[PDB]
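Given next, in structure tokens, is a single chain: the form deposited in one PDB entry.
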């Protein structure tokens, strides 16, 4: 489980294609001693498993994950090249504060940024979700974009607004995010329980 609070910005060192997927090495600020093989780290909102870590005793700070078929088709990862900075988040450990909402790291699809507007030291992004995701995005509800849990500030059909506070613009990749950029989108899982109940009551 995650919460959508980014704790580090990582850089992609290597991109190596494999069967069904790709292999990624990500330079990080995390201490690799605190990471075990087969742990989950959300990379730009995508739950990925650690497969390789630095030789123990080493000081180098990176980890390796594999992306697969479902990941490459749905997510932004297929466009990821060396030098790309991404949002990172470690899994919630028992007792950790759940700052945003319940983010699972399972990306539904991709949303395009159509407008970027400055709001002083804050920035307001406007995005188009794919039609199939629109019903699950509500005003003053939650969403997970690039692994960042955000408040939906206004919605018109499949288009919606988010405001990115100054702190987040500093500690996340959203500072370099510009109009025309495609981000990973994870709708609030709490919405699927609203759909389920309604669909169950229609039978």
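Positions refer to the first chain, counted from 1. If you superpose the two forms and keep the largest set of C-alpha atoms that fall within 1.5 Å, you have the rigid core.
Below, we refer to the form deposited in another entry, which is not included among the displayed structures.
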message = Quick check on the comparison between the shown form and the other one: with the core aligned, only one of 165, 138, 171, 52 should show a Cα shift of at least 2 Å. Which one is it?
response = 138
message = After superposing the rigid core, is the C-alpha displacement of residue 83 2 Å or more between the shown form and the other one?
response = no
query = Would you say residue 100 moves its Cα by 2 Å or more between the shown form and the other one, aligning on the core?
reply = yes
Direction of Cα pair change residue 100-residue 147 in that other deposited form, magnitude 3 angstroms or more = farther
ask   = Hey, the CA atoms of residue 132 and residue 140 end up closer or farther in that other deposited form than in the shown form, with the change being 3 Å or more?
value = closer
